[PDB]
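S.K.: Quick one: the structure is below, questions incoming.
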Amino acid sequence: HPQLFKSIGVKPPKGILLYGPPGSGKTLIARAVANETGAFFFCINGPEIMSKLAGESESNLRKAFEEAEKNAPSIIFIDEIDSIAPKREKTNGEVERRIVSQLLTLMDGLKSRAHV
Amino acid sequence: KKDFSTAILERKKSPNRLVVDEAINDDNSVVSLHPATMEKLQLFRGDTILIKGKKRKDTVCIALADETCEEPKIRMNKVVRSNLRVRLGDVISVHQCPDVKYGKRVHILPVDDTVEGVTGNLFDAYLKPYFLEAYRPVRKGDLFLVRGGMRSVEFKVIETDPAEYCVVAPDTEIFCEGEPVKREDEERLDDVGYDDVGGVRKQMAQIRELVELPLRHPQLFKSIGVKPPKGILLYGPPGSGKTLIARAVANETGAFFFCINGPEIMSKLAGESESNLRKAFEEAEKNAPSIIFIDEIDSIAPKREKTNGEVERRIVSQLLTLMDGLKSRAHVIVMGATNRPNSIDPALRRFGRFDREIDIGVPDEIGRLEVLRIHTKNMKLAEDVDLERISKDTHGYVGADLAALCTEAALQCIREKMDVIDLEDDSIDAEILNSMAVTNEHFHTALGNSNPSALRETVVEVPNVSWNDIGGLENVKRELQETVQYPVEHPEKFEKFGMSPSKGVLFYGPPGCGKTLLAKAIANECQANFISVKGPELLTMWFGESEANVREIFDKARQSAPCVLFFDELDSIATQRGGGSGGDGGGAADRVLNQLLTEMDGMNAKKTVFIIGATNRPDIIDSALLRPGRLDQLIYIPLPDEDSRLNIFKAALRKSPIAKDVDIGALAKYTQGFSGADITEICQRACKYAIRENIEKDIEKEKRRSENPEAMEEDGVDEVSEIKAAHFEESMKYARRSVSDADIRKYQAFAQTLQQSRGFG
Amino acid sequence: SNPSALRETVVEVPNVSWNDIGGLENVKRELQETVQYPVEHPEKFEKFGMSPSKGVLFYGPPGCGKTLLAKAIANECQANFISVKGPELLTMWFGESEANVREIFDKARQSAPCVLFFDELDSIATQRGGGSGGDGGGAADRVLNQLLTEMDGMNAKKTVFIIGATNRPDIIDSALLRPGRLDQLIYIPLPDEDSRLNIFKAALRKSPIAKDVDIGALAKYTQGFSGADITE
Amino acid sequence: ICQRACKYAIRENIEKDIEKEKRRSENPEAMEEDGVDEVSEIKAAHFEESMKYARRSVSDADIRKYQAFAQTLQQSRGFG
Ligand SMILES: Nc1ncnc2c1ncn2[C@@H]1O[C@H](COP(=O)(O)OP(=O)(O)NP(=O)(O)O)[C@@H](O)[C@H]1O
Ligand SMILES: Nc1ncnc2c1ncn2[C@@H]1O[C@H](COP(=O)(O)OP(=O)(O)NP(=O)(O)O)[C@@H](O)[C@H]1O
Ligand SMILES: Nc1ncnc2c1ncn2[C@@H]1O[C@H](COP(=O)(O)OP(=O)(O)O)[C@@H](O)[C@H]1O
Ligand SMILES: Nc1ncnc2c1ncn2[C@@H]1O[C@H](COP(=O)(O)OP(=O)(O)O)[C@@H](O)[C@H]1O
Ligand SMILES: [Mg+2]
Ligand SMILES: [Mg+2]
C-alpha cells in the first residue's frame, strides 16, 4: 500500500537491523515475513559470500543487488553482517576493506528505491 | 556599527526586484503590477517581461496593471510562482524581454497525472482553442495548467523553436505529441536549493565567502592581491548536514560539480584508485570553474598509524601529490567532508592542502525549529501543530534525527488510523484516505518513541539564564562583572593603564549555592559562548580516547572567542599531591591535572579566553592552581541569608501558582542558613503534596459522580489549586539540611585564613 | 539440557505486588507519589512547573525489604525492570569493558519506561578520598566516573527511573547525592512488631500452619529480627 | 595591588563616561562642551580602596622555616 505514503508524504524506511541472542528466531522471522508478504525474497549468507575468492565476492554482491532491483518488489536478507562487515577497530585485509566498501556503496546507491 | 561576519547572505534593496504575493487574474502568462512600478521601470501596457527566481530558474510573463496592486509587490499567481520555485514573501527580480520571436517548431506535451482518465482529445479541445492566436509567452520546461472542461490537464513544454522561449502563435504546428511526461520529471525536484538548508547561518556564510566569491568575482581578489584559499574541510557530528550543505552551495552557484565518494573509490581494486583519482582531478581542472566534493575523506586518507597498510599508504601518497598540484589557480575548489578533525592524516592539514576548517555543529533551539519547519512543508499537518514547544523539548537532536522524528510522527498518525483500512487491498475511500492530519499528539508520541544521537557532544552554547532567578549576591555579581565583562566589552581602555587582566576565577563555598548559576549568568550577559566541562567526564574520556580530549576542549574553547570555559567539580582531580597516592587511578588523576596545568599555561597567555573553575572544598585543592595566572582570582560563595532566602524562594515559586495566605517572609524567617538546593527541594515536596491532594480530590469526585449517574454536572470545577499553607506545613516538617555546622565552620576557617586583610578594616 | 542464553539481560515486569510486603506503609505512599505519579500523570507537573526527581537511594540494615520494594513499584508502574548488581559491573569491566555500562543505559533507554535497579553499590561507590584510585582492582576510579557520566544524561529522558540500594550509607561517595544523581534518600527500617506480624503472615501465606501456633507470640519472640531471618 | 587599583580606576572611568553620555542624552540641546575626557590617572582613593582587600600570600611560619633552612648552611655566623 504505497498510496498511504504517497498521500501523507513520507519516504518509508529502507533498512531493518534485527539483533538478538544467537538462535532466537531472526532468520525464521525474516523468512516468515518474506513468505507471507509474497515478495521476491533473496538471501545473502555471511560466510558464503566471505568464503569465495577475491574479486568474486564483489561480483556476487553486485549481481545480488542488481537482481533484486530487477524484479521489484524485493528483499535482500543479508545474513550475519558481523562476518562480512565487522567493526573496524583495526584491520588490514584488502579483501575485507573492499567488500565492506562495496556493501556501503551499494547500500548508499540503493536510494533509487524501486521497492528494495 | 554592524556585525559583518554574516554580511553576504542578506539581500540588497533595488528598484529592480520586488516581493511575491497573491493576485486575482488566473491566466497562465499574466502577472499584475502597479502602474507606479511601470513608471519607475519605464514599462508600458502589454509588455512581456522576464522573471528570475530561485535556483537559477526564469520564465517570461505578460505584465498588466491594476490600482489594487501595491508598488513593492508583484501579485504573482500560484502557477507561475510554482514554476519559479518560490513562495509568498520572497524577492524576485524583473527585466524586459526584447525578443519575442513567435515560435515555429514548438513542442507541447501533457503530464501523466492529469491525463489519467482523460475526457478524450486535447488537440482540438484543450490545446488549440486556448493557445491558437492566444499569444501566450511560453518558456521551455514550464508546467502550465489548462482546462477544456472540468478536467485540468498539466502540460510540459518539451521543445521550442527558438529553444529558449517563444509565443504560441498560429504558426505553431505541433499537436499533442502522444507521449505524456511521467511524474519522474519532478522526482529530481531541482535537487537542493538554499531554503532546503537551514539552521546554520554562519557556517553557510563562511562557505559562501570561500566558494561563491572566488568563482564569481575574481576582480576583488586580483585588486587586493590576495591568494584565495582552495582547500575547505567541513566536519561535525555524523548526520548533521555536511553533504547537504556542500550540495546546496555547489548546485546554487552553477559551477561544474564533481562528487567523489570515499568507499566508492576504496571499493575498486588496487591499481585503479590511483588512476581514478588522477582522472577525476584532470577532468575537473579542464572545466574551470570546478568544485570537487570528496565525501568521507576520512575513509581514503586515514591516520597512518591506524592503518599500517601498503595500499592505503600508496593511495594517501597519491592523494597528497595530486592535492599539492592544485596550484594551477584554475578555479578548482576541494571540499573534503569528514566527522573527526583528529582522525584525518595530519599531512592533509599543511599549508596548500586542506587548511580552512569549518565546524558544522549541532543546531540550537532556533536551528531545530527551522529544520522542523523546513521538513514539515509537505506533510498534511493538522491545525494544532505547535512546533515551538516541539523544538524546545528536543535537545541533542541533529538534523537527521529531526527528519526521522517527522517521519516517525507521520507513521504514528497512519498507524492510529489502522482500524478502517483493510489488508487485502487499499483505496477503500478517497475521503477516508484524506483527513488523517498529523496533530500534536502524534508528534508527542514520536518524540517519546525516538532517541537522540548527540548527547555526548560538547554543546558550545549561549545560556539563557540571566541575572535573575539567582537572588542576592550583589557583591559577587559586581566583582564577577568587573573581572569578566569589562576586559571583553572594553579591551582598549585597559591598554591605557597597560595592565592586562587575569583570565581565571575560582569559586569555593558550601556545596550548592549557585556556583554554576553565576558563571552561566555572566556568560549570558556577556553573550560569550559557554562550555561546561566536569571532572568525571574528563576522567572517563581519558580511558575512552587516551587523553585526546583535554587539548581538544581548549581548542574548541579557543576557536569560539569570547568564551567562558567552566570546570565543575575540581575536587575529583585537583586534590593536592599527597605522598601516599598510588595506583592506576591516582596516576590517571595526576596525569589529567598535569595536562590541564600545561594547557592553561598557553591558553591563558593570550586570546582572552576566560576560565572559571568551581570546587566544593578549597583546602584540599592543589596549591599549583593558585599561582599567578591560571586560577589566581579567588571568590567565596556564601550561604544565603534571610533576604537572599526570600529572593530564592520567590525565584523558585515564580513558575507556580501560590496561595495568597502563604507568607513567604514567614518561610524566610522559618529557615536559617539552608544550602540553597534544599529550598528547591522544599518547593518540590510542596508541589508533590499539592499534586497528591488535587488528584485525590479529582478521583473522589469522579467516583462520586460515577456512583450516582443522575447527579448532573454541578458548579464544582477544578480551581487554580494554589499551593496553600497546609502543603508547606507538611513539607517543611520533613526538611533535612545538607550542610552541617562543621562544614560551614571549615569553610569559614579557610576563608579567614586567606582573608588576612581582616586587620585592614 | 541447559540454556544457552542464561547470562543475557533481564527485561520483564515482576509479579511482586504490595501484598508481598508488609509494614512499610509510609514508604509505600512515598514511593507511589515519587514514581507512579510523574509517569502516569505527567502534564500536571508542567502545570505546576517544577520537574520531579529521578532516582531514589535506599539505605537500611541488610535484608529488610529493599529489593521487594523495587519489584513492587515496578509492578505497580507496569514498567520494565532491569536489575544490575554491583559485581556484574566489575566483571563486565573486564568483559565488554568500557562500553558495557553504556550499553545497559542504552537498553534502559530503548525499553522506556523502566526502573533500573543498582544493588550492592557499596562495592563500587567507595568514597573518592585520598586513598582512592588504585589499579584494576580499584574500580571506583573507572566504573564510578562512567556511571556518573551516563547518569547525568538520563535527566533529559522523561521516564527512565533510577533506584539504588546500599547497606553502607557511610562509605557511599558524595557525588551520588548531588541533585540529578540519586537525589532522594529513603531509610528502610527493620520491621517492627506489627511489621513482623505482617511479614510472618506473608511468609507463611504459601504453606499450611498448625492450629497451635500464635503469630503474635512469635512476633514478640522475634523482636529485632530482620526479614531474611523470619524467612529463614 | 596595582592591578586592582587599575581595575577600580577603569570602573570609575567607564562610570564617568556613561554618566556624561546620559547627561548629554537628557535634553539633547546640550552641545559638545569643553568637558573632554581627562587623563584619568589612578588616584589615591583607588589605592586605598584596593589596599583594604589585598591578601597576604606568605604566613609567619614559612619565613622562619626558610630562614632555618638557610641558617643550617650558615654555620659560620659564630666566627664572623
Ligand atoms: N521464536 C521462534 N518461534 C518458532 N520457532 C522458533 C523460534 N526460534 C527458533 N525457532 C526454531 O528453532 C530452530 C532454529 O531457529 P533459527 O531461526 O534457524 O535460528 P536463528 O535464530 O536464525 N540462528 P542465529 O543466526 O544464531 O540468530 C528452527 O527449527 C526454528 O523453527
Ligand atoms: N541543517 C539542515 N538543514 C536541513 N536539513 C538538514 C540539515 N541537516 C540535516 N538535514 C537533513 O538530513 C537528511 C540527511 O542528512 P545528510 O545531510 O544527508 O547527512 P550527512 O550529515 O551528510 N551524512 P555523513 O556524510 O555520513 O556524515 C536530509 O534529508 C537533510 O534534509
Ligand atoms: N540562590 C539560588 N538561586 C537560584 N537557584 C539556586 C540558588 N541556590 C541553589 N539553587 C538551586 O540549586 C541547584 C544546585 O545548586 P548549585 O550551586 O548548582 O550546586 P553545585 O554547586 O553543586 O552545582 C541549582 O539547580 C539551583 O537551581
Ligand atoms: N515486608 C516483607 N514481606 C515479606 N518478606 C520480606 C519483607 N521484607 C523482607 N522480606 C524477606 O527478605 C528477603 C529479601 O531481602 P532483600 O530485600 O533482598 O534484602 P537485601 O537487599 O538486604 O538482600 C526475601 O526473601 C523476603 O522473604
Ligand atoms: Mg540464525
Ligand atoms: Mg557525506
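S.K.: Among B:657, B:585, B:640, whose Cα sits farthest toward the positive end of the charge dipole of region B:555-665 (+1 at Cβ of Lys/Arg, -1 at Cβ of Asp/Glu, about the Cα centre)?
M.R.: Of the options given, the answer is B:657.
S.K.: Can you list residues from other chains, or at least 5 along the same chain, whose modelled amide H is less than 5 Å from the amide H of residue B:534?
M.R.: Long-range HN contacts for residue B:534: B:568.
S.K.: Between 0 and 90 degrees, rounded to the nearest ten: what's the tilt of helix B:273-285 against the longest Cα principal axis of chain B?
M.R.: With rounding to tens, the tilt is 70 degrees.
S.K.: Compute the acute angle (0 to 90°) between the alpha-carbon long axis of helix B:365-375 and the principal axis of greatest extent of the alpha-carbon atoms of chain B; round to the nearest 10°.
M.R.: 30 degrees
S.K.: At a Förster distance of 51 Å, what's the computed FRET efficiency of residue D:79 paired with residue C:91, Cβ-Cβ distance as r, to 0.05?
M.R.: After rounding, the FRET efficiency stands at 0.10.
S.K.: Let me ask something else about it. Would you mind calculating the gained length between residue B:462 and residue B:206 on full extension (0.36 nm times residue separation, minus the Cα-Cα distance), in nm to one decimal?
M.R.: Roughly 90.1 nm would be gained on extension.
S.K.: Taking only Cα atoms and a 10 Å spring cutoff, compute GNM fluctuations for chain A and point out the largest among A:89, A:36, A:69.
M.R.: Between A:89, A:36, A:69, it is A:89 that shows the largest mean-square fluctuation.
S.K.: Also, quick follow-up: What whole-number value in cubic angstrom gives the convex hull volume per residue for the C-alpha atoms of chain A?
M.R.: For chain A, the hull spanned by Cα atoms encloses 129 Å³ per residue.
S.K.: Would you mind getting the Kirkwood hydrodynamic radius of region B:81-187 from its Cα pairs, rounded to one decimal in Å?
M.R.: 14.8 Å
S.K.: Please list, in chain and number order, the residues 5+ apart from residue B:47 or on another chain whose amide H is under 5 Å from its amide H, with Hs placed from the backbone.
M.R.: B:63
S.K.: Then there is this: For region B:666-730, what is the convex hull (Cα atoms) projected area averaged across all directions, in square nanometres?
M.R.: Averaged projected area of region B:666-730's Cα convex hull equals 5.4 nm².
S.K.: If you plug each phi of region C:161-166 into the Karplus form 6.51 cos²θ - 1.76 cosθ + 1.60 with θ = phi - 60°, what whole-Hz ³J(HN,Hα) values come out, in order, with x for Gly and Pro?
M.R.: Once rounded to whole Hz, the list reads 7, 10, 10, x, 9, 7.
S.K.: From the phi angles alone, apply the Karplus equation (6.51, -1.76, 1.60; θ = phi - 60°) to region B:681-689 and give each ³J(HN,Hα) in whole Hz, x where the residue is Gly or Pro.
M.R.: Taking θ as phi minus 60°, the curve returns 5, 4, 4, 5, 5, 4, 4, 5, 5 Hz for region B:681-689.
S.K.: Sticking with this one: Roughly what % of DSSP beta bridges within chain C run antiparallel, to the nearest 5?
M.R.: About 5 percent, rounded to the nearest 5.
S.K.: Estimate the FRET efficiency between residue B:599 and residue B:672 by the formula 1/(1 + (r/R0)^6), using the beta-carbon distance for r and 51 Å for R0, to the nearest 0.05.
M.R.: For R0 = 51 Å, the calculated efficiency reads 0.75.
S.K.: Multiply the residue separation of residue B:449 and residue B:623 by 0.36 nm, subtract the distance between their alpha-carbon atoms, and state the gained length in nm to one decimal.
M.R.: Contour length minus Cα-Cα distance gives 57.7 nm.
S.K.: Average projected area of the Cα convex hull of the protein assembly as shown, in nm²?
M.R.: Average projection, Cα convex hull of the protein assembly as shown: 71.7 nm².
S.K.: May I ask for the equivalent-ellipsoid semi-axes of region B:611-682, computed as the square root of five times each C-alpha gyration tensor eigenvalue and listed largest first in whole Å?
M.R.: Taking √(5λ) for each Cα gyration eigenvalue gives 36, 12, 10 Å.
S.K.: Given labels modelled 7 Å from the Cα in the Cβ direction, how far is it in nm from residue B:270 to residue A:11?
M.R.: 3.7 nm
S.K.: Quick one: the Cα spread of region C:102-141 along its three principal axes, in angstroms, biggest first?
M.R.: 39, 16, 13
S.K.: Please work out the Cα center distance from region B:85-164 to region B:212-248, rounded to the nearest Å.
M.R.: Their Cα centres are 39 Å away from one another.
S.K.: What residues qualify as long-range amide H neighbours of residue B:461, i.e. H under 5 Å apart, gap of 5 or more or another chain, H built at 1.01 Å from N?
M.R.: Hits under the 5 Å cutoff: B:530.
S.K.: Using a cut-off of 13 Å between beta-carbons, work out the net charge of the residues near residue B:703 (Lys and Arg +1, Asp and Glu -1, residue B:703 not included).
M.R.: -1
S.K.: Give the residue list of GluC sites (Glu not before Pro) in region B:155-247 that are DSSP loop and have at most 14 other beta-carbon atoms within 10 angstrom.
M.R.: Listed in order of number, the matching sites are B:164, B:173, B:177.
S.K.: Follow-up. How many nm separate the modelled label positions at residue B:190 and residue B:660, each set 7 Å beyond the Cα in the direction of the Cβ?
M.R.: If labels sit at residue B:190 and residue B:660, their model points lie 6.1 nm apart.
S.K.: Still on this structure, please answer the following. Mind jotting down the distance between the C-alpha centroids of region D:61-80 and region A:1-40, whole Å?
M.R.: So the two Cα centres are separated by 87 Å.
S.K.: For region B:301-350 and region B:491-525, what is the separation of their C-alpha centers, rounded to whole Å?
M.R.: Computed from Cα coordinates, the inter-centre distance equals 42 Å.
S.K.: If you don't mind, there's one more thing I want to ask. Whole-Hz Karplus ³J(HN,Hα) for region B:106-119, in order, using 6.51 cos²θ - 1.76 cosθ + 1.60 and θ = phi - 60°, x for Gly and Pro?
M.R.: Along region B:106-119, the couplings run 7, 9, 10, 9, x, 10, 5, 5, 9, 8, 5, x, 5, 5 Hz.
S.K.: Taking a threshold of 26 Å on the Cα-Cα distance, which of the pairs B:202/C:107; B:202/D:7; A:90/B:279; B:534/B:746; B:55/B:140 fall above it?
M.R.: Where the Cα-Cα span goes over 26 Å, the pairs concerned are B:202/C:107; B:202/D:7; A:90/B:279.
S.K.: Can I ask one more? Between residue B:3 and residue B:393, 0.36 nm times their residue separation minus their Cα-Cα distance comes to what?
M.R.: Here the answer is 137.3 nm.
S.K.: Straight-line reach only, C-alpha to C-alpha below 20 angstrom: list the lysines that residue B:73 could link to, leaving out same-chain residues fewer than 8 apart.
M.R.: B:12, B:13, B:40, B:52, B:54, B:57
S.K.: Measure nothing but the geometry: give the 0 to 90° angle between the long axis through the Cα atoms of A:26-37 and the longest principal axis through the Cα atoms of chain A, rounded to 10°.
M.R.: Long axis of A:26-37 versus the principal axis of chain A: about 40 degrees.
S.K.: Okay, next question. Once you average over the residues of A:1-14, how many Cβ atoms of partner chains fall within 10 Å of each Cβ?
M.R.: 5
S.K.: I'd like the FRET efficiency for residue B:702 and residue B:147, computed as 1/(1 + (r/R0)^6) with the beta carbon distance as r and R0 of 56 Å, rounded to 0.05.
M.R.: Result of the calculation: an efficiency of 0.45.
S.K.: Work out the P(r) tail for chain C: percent of alpha carbon pairs separated by more than 33 Å, whole number.
M.R.: Tail fraction, whole percent: 24.
S.K.: Starting from the Cα of residue C:228, step 7 Å toward the Cβ, then list every residue of region C:83-102 with an amide N under 17 Å from that point.
M.R.: Label zone hits: C:85-88.
Throughout, read-outs are computed from the coordinates displayed, never taken from laboratory work. Neighbour counts are summed over all protein chains in view; Cβ atoms, including those assigned to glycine, are modelled from backbone coordinates with ideal geometry.
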